[PDB]
Amino acid sequence: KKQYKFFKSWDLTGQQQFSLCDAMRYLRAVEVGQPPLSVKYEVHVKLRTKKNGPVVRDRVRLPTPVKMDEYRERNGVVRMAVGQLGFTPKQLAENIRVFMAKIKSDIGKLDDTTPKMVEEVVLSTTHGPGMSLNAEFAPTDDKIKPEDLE
Amino acid sequence: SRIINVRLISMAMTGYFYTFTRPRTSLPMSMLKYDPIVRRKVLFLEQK
Amino acid sequence: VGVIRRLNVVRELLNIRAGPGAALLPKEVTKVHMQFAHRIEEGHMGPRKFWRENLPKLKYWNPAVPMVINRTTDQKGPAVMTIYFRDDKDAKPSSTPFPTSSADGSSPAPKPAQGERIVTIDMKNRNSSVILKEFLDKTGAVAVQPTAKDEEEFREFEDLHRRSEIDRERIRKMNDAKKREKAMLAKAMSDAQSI
Amino acid sequence: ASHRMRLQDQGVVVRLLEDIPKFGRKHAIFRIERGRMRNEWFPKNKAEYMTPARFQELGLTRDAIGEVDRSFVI
Amino acid sequence: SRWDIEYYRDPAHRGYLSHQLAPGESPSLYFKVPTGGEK
Amino acid sequence: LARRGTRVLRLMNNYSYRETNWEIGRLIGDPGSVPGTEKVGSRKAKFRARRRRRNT
Amino acid sequence: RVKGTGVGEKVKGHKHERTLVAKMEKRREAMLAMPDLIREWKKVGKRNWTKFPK
RNA sequence: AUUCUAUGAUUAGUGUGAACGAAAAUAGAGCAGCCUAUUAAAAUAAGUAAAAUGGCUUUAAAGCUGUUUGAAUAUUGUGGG
RNA sequence: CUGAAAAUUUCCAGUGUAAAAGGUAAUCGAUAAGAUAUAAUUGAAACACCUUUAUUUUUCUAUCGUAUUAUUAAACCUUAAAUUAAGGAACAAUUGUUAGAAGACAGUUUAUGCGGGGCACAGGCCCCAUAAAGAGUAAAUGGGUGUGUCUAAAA
RNA sequence: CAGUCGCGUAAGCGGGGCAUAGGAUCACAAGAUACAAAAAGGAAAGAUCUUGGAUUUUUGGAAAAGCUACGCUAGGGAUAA
RNA sequence: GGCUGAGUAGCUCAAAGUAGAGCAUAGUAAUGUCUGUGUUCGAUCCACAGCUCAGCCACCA
Ligand SMILES: [K+]
Ligand SMILES: [K+]
Ligand SMILES: [Mg+2]
Ligand SMILES: [Mg+2]
Ligand SMILES: [Mg+2]
Ligand SMILES: [Mg+2]
Ligand SMILES: [Mg+2]
Ligand SMILES: [Mg+2]
Ligand SMILES: [Mg+2]
Ligand SMILES: [Mg+2]
Ligand SMILES: [Mg+2]
Ligand SMILES: [Mg+2]
Ligand SMILES: [Mg+2]
Ligand SMILES: [Mg+2]
Ligand SMILES: [Mg+2]
Ligand SMILES: [Mg+2]
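- Header annotation of the entry names cryo-EM as the structure determination method and lists the resolution as 3.10 Å.

### Section: the overall build of chain A
For step 1, the next point in the chain: If you tally the helices and strands in chain A, you get two helices and seven strands.
For step 2, the next point in the chain: Counting from the amino terminus, chain A carries its helices and strands in the arrangement β-α-β-β-β-β-α-β-β.
For step 3, the next point in the chain: Over its C-alpha trace chain A gives a radius of gyration of 16 Å, about what one expects of a compact globule, namely 15 Å for 150 residues.
For step 4, the next point in the chain: For chain A, the spread of C-alpha atoms along the three principal axes comes to 50 × 35 × 25 Å.
For step 5, the next point in the chain: The proportion of buried residues among the 150 residues of chain A is 43%.
For step 6, the next point in the chain: With an accessible surface of roughly 8,800 Å², chain A has 51% of that area assigned to carbon and sulfur atoms.
For step 7, the next point in the chain: Side-chain charges of chain A comprise 26 positive and 20 negative groups, with the mean position of each set lying 9 Å from the other.

### Let's talk about the nonpolar core
Note on soluble globular proteins: their nonpolar side chains tend to be buried together.
For step 1, the next point in the chain: Among the nonpolar cores identified, the biggest contains 36 residues, and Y41, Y71, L92, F99, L123 and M131 of chain A are the most heavily contacted of them.
For step 2, the next point in the chain: The set of elements that each furnish at least two residues to this core consists of helix 1 (20-30), strand 2 (43-48), strand 5 (77-80), helix 2 (89-109), strand 6 (117-123) and strand 7 (131-133) of chain A.
For step 3, the next point in the chain: Considering every element that reaches this core, the biggest residue donor is helix 2 of chain A, with seven residues.
For step 4, the next point in the chain: Sequence-distant contacts of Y71 of chain A, that is, excluding residues within four places in its chain, are made with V56, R57, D58, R59, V60, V78, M80, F99, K102, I103 and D106 of chain A.
For step 5, the next point in the chain: In terms of nonpolar packing, the next biggest core, distinct from the first, is built from 22 residues, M34, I121, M123 and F135 of chain C among them.

### Digging into the protein's contact with RNA strand I
For step 1, the next point in the chain: Within the structure, RNA strand I sits among 66 residues, and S38 and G128 of chain A, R6 and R48 of chain C together with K44 of chain D are positioned closest to it.
For step 2, the next point in the chain: Considering RNA strand I, the proportion of its atoms within 4 Å of the protein that are sugar or phosphate atoms stands at 66%.
For step 3, the next point in the chain: Taking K40 of chain A, its side chain carries an N or O atom lying 2.5 Å from a phosphate oxygen of RNA strand I.
For step 4, the next point in the chain: Within the backbone of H44 of chain C, an N or O atom sits 2.8 Å from a base oxygen of RNA strand I.
For step 5, the next point in the chain: Counting only elements with at least two residues in the surface near RNA strand I, the list comes to strand 2 and strand 5 of chain A together with helix 1 (3-13), helix 2 (45-54) and helix 5 (148-194) of chain C.
For step 6, the next point in the chain: No other element matches helix 5 of chain C, which puts 10 residues into the surface near RNA strand I.
For step 7, the next point in the chain: Here the surface near RNA strand I is composed, by residue class, of 19 nonpolar, 21 polar and 26 charged.

### Quick notes on the sheet that holds strand 1 (residues 3-10) of chain B
All names here are of chain B.
For step 1, the next point in the chain: Spatial ordering of the open sheet is given by 2-1-4-3, a layout of four strands whose pairing is antiparallel. What marks the edges here is a single partner per strand, and that holds for strand 2 (17-23) and strand 3 (30-35). Looking at each pair of strands side by side, their axes are set apart by 40° on average, direction ignored.
For step 2, the next point in the chain: As defined by bridge partners, strand 1 adjoins strand 4 (residues 40-46) across three bridges and the pair is classed as antiparallel.

Rules used throughout
- Counting of residues restarts from 1 for each chain and follows the sequence as written, so the numbers need not equal those of the entry; residues with no coordinates are not shown.
- Whichever chain is written first is A, and whichever ligand is written first is 1; the rest continue in order.
- The full assembly is larger than what is shown, and all values describe the shown chains rather than the whole.
- As a convention, hydrogens and water are excluded, and side-chain values are obtained from all of the structure's heavy atoms.
- Here a strand is any run of E in DSSP of at least two residues, a helix any run of H or I of at least four, and the numbering for each starts at the N terminus.
- Radius of gyration here uses only the C-alpha atoms, and the compact-globule reference equals 2.2 Å multiplied by the residue count raised to the power 0.38.
- Only protein chains enter the accessibility calculation, which uses a 1.4 Å probe; a residue whose area is less than 20% of its type maximum is buried, one above 50% is exposed, and one in between is partly exposed.
- Methods summary: accessible areas were calculated by the Shrake-Rupley approach with a probe of 1.4 Å, and residue burial reflects only the protein chains presented.
- Neither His nor the chain termini are counted; the positive set is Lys and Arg, and the negative set is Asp and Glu.
- The location of each charge is read from NZ of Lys, CZ of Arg, CG of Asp or CD of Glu.
- Nine residue types can take part in a nonpolar core, namely buried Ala, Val, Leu, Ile, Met, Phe, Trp, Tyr and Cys, and a core is a set of them joined through side-chain atoms within 4.5 Å.
- Whether two residues touch is decided by their heavy atoms; if any such pair falls within 4.5 Å, the residues are in contact.
- Consider each residue's heavy atoms; a residue with any of them within 4 Å of a molecule or strand counts as near.
- A 3.5 Å cut-off defines polar contacts: any pair of N or O atoms within that distance qualifies, except that in protein one atom must be a possible hydrogen donor and the other a possible acceptor, and neighbouring residues in sequence count only when both atoms are side-chain atoms.
- As a working rule, the residues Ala, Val, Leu, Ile, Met, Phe, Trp, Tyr, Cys and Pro are called nonpolar, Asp, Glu, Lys and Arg charged, and the rest polar, with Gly in that last group.
- Any two strands with at least two DSSP-identified bridges between them are counted as paired.
- Here an axis means a line fitted to C-alpha atoms, over the contact stretch when the element is a helix, while the angle between two N-to-C directions is reported on a 0 to 180 degree scale.

Spelled out as structure tokens, the structure:
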């Protein structure tokens with residue numbers, strides 16, 4: 001009977017976000033031995049958008065190829081790969097900034113009636129858990145440092 | 001109710017405007033008027 | 001799909017940092033290699049559980065060492081793992097050539113360099129336990145101990161599964177009771193039409 | 001939601017001098033309704049008001065106030 | 001105040017605070033003299 | 001390009017430098033005609049192009 | 001040490017003074033696009049025009 | 001410090017209007033400071049300051065106030081204006 | 001849409017109750033077999049598994065609200081020097097706030113013009129005549145179906 | 001007169017309509033100006049310019065129904081029988 | 001001035017995998033989603049803009 005014009009927006013005050021390097025440490029372990037060429041990351045970005053508004057149907061040419069890439073908003077979220085398993089944090093980092101900017105550039109390019117603002121950024125693999133992403137990049141643990149490997 | 005008072009806003013973003021009346025059952029107004037701020041004739045368009 | 005839903009589903013899958021198989025390997029080790037078959041036959045179930053249960057716990061505390069796997073379809077293939085234990089007293093050799101994982105045996109065990117001495121460990125028709133202990137005692141490494149917060153993580157999710165299984169059967173008893181009831185209603189409609 | 005709401009009292013802080021069932025153990029500090037404390041507990045000497053002076057003598061601070069334990073059992 | 005300071009801070013009025021200024025500085029406490037050139 | 005790219009900042013009131021609105025107006029062109037209304041092309045040139053496109 | 005005019009303090013500036021450079025730039029931008037706006041308005045025509053401020 | 005008179009002032013300001021109407025300051029009359037008050041009184045002030053609401057006063061501040069709520073601890077910058 | 005556990009998404013065809021998209025070719029089977037999935041078939045769309053979202057439904061929890069019941073188990077109220085008494089009872093009552101509401105009561109308005117006043121009608125503006133060859137010129141004087149508009153110019 | 005636009009070969013013409021028929025302040029609202037800013041930096045609320053909404057129709061601009069034969073006062077042959 | 005809810009057979013009313021049943025019209029038959037523009041395989045349905053509107057606050061200076 002009741003109806004709302006918005007997508008459910010949960011409270012993030014108690015969320016546990018991870019830095020990009022701290023996250024890959026968790027993911028690279030679950031993908032031990034998996035073919036890096038057949039295991040790629042993925043990002044789901046929840047947007048504070050209204051159901052009535054339009055949708056995004058633009059394309060993006062990332063710096064490094066993962067397969068021009070195509071992305072589309074289906075329901076208050078946008079899902080697309082961002083890098084293979086063998087991607088180093090330096091390469092994977094900019095590979096994400098190019099995706100968020102192309103979005104925020106298309107949002108501002110859109111109408112001002114309901115500017116769709118981002119709420120959270122998730123990161124997962126083809127066999128990994130969905131973990132939240134923090135704006136930070138470096139690991140919180142002082143013992144670990146940027147390390148690249150298979 | 002048949003005639004409304006409209007405001008033609010300057011497209012030079014100078015804040016000057018001209019006010020004219022026109023029937024509701026008509027198209028918006030658009031004119032080439034003189035802007036006293038920049039002292040040049042620019043294009044004025046209806047506010048709404 | 002609330003934030004706490006995704007949060008509990010994650011923190012439970014974060015047992016990678018736990019007691020079972022986690023340990024801080026020494027800097028003497030350089031890299032690891034393993035090769036086993038796809039299926040579980042002719043003594044091949046041991047390595048599989050070692051790959052899905054304890055092996056991931058090493059890369060968390062040892063994210064610098066490359067641990068690669070080479071699967072194959074030959075079920076009789078030798079399920080053996082090599083450990084490049086010797087790094088030449090940490091001489092830091094230039095071991096640039098090294099393969100990558102695969103699924104058809106395309107990345108076999110390469111020959112070690114001059115400053116590397118591998119350590120063979122066979123595993124066939126043997127349990128992961130005997131295979132695990134053989135890895136730690138041989139590759140001398142200190143086992144990390146969990147913190148009290150980790151004990152709560154195990155205790156919390158453990159008590160959670162009690163509530164879950166208590167609900168899995170409960171909701172199951174309402175659906176089957178309905179399925180049965182809905183089927184009973186349909187039978188009456190079909191029977192009534194026959195009359 | 002609004003920028004101003006109806007002002008409400010949260011209760012009075014008291015330290016139980018006995019061990020009342022269904023609220024808390026002895027020497028338990030929490031915020032209880034003024035009615036129960038004023039009419040039932042204080043006359044029967046079941047609790048005492050935790051005035052700022054009382055906090056000093058007992059050595060505790062205002063950051064020691066607990067919550068009511070409805071599940072408490074004797 | 002701002003106005004009273006700026007008045008006696010400029011050399012045009014021979015303000016007694018003008019000595020605190022540099023040759024390139026402006027009397028105003030908020031505005032600055034822009035730079036000429038192409039860049 | 002040089003004219004439209006120039007910015008003359010003139011001393012005004014309260015030690016403020018800004019571009020005068022009238023100078024901003026003369027950037028597009030000199031006064032006398034409204035820029036944009038003048039026809040850029042010539043009818044004769046348009047006739048020559050029409051024949052060229054037909055010849056080819 | 002009073003606000004603004006005190007030692008180490010900086011004058012905030014009036015609102016019309018803070019947005020003075022951001023105001024003349026908007027006016028300058030609109031004039032540069034004036035010839036292209038009148039060309040698209042004299043070609044499209046007064047009736048077929050559909051772009052209006054909001 | 002308080003009090004009395006004049007100027008400030010048919011001013012600031014308020015109010016649709018009619019009208020109402022300060023203070024600083026200045027001059028004069030008086031002059032006195034204190035808590036051990038020259039008559040016997042503080043262990044330095046909490047339901048208090050303040051807020052919302054209904055009113056008074058009023059220039060929207062400050063001040064008074066019924067109802068419902070409700071702080072902090074000294075220039076080493078605490079509290080009021 | 002307070003959150004948590006669990007579950008649910010049927011046009012024909014389709015192995016069958018396909019929620020949607022994105023990623024993937026292996027996943028499960030303690031060592032012996034086979035079940036899933038991919039393939040192929042069907043369809044607009046093809047499935048395991050890992051993710052992020054959508055719809056709906058239970059219990060728990062949070063909130064709000066109604067109805068009822070109990071209460072020297074010292075709220076309050078009533079009789080009562082006024083009590084471990086009797087009864088009512090979270091009502092009533094009082095305070096503050098809010099809405100509705102009796103000329104019951106109070107203040108004030110209800111005008112002026114007009115061949116006396118009452119009833120009635122009347123109040124600004126435009127054209128013509130009366131108006132006496134400059135201009136002006138009255139009357140509850142004569143004419144008028146007069147007037148509170150229209151109008152961006154183009155297909 | 002200055003500014004800068006249209007038409008015209010040109011002279012020149014254009015500050016709405018062949019002429020004669022509908023309102024202010026105040027308050028409010030939308031733009032500009034950069035004046036002042038109650039210690040100071042800002043701001044609020046003000047000031048100037050442009051513009052809009054009025055049977056403000058008692059239209060130089062009050063939010064407004066009656067009876068008195070129970071009647072009262074001040075005046076008026078300036079008024080009726 | 002400002003938001004909100006509605007529009008389908010001639011007339012009534014219904015209903016994202018449909019347009020139904022009455023009455024009217026000629027026992028037997030036929031009758032339609034305000035309009036344009038979008039999304040999704042597909043829209044009475046979701047969305048956007050108008051048209052008609054009604055309803056509720058506000059200007060009434
Ligand atoms: K006050
Ligand atoms: K009783
Ligand atoms: Mg209360
Ligand atoms: Mg005055
Ligand atoms: Mg004191
Ligand atoms: Mg007070
Ligand atoms: Mg104050
Ligand atoms: Mg005070
Ligand atoms: Mg009366
Ligand atoms: Mg005459
Ligand atoms: Mg005459
Ligand atoms: Mg008229
Ligand atoms: Mg000031
Ligand atoms: Mg008059
Ligand atoms: Mg007049
Ligand atoms: Mg009689």
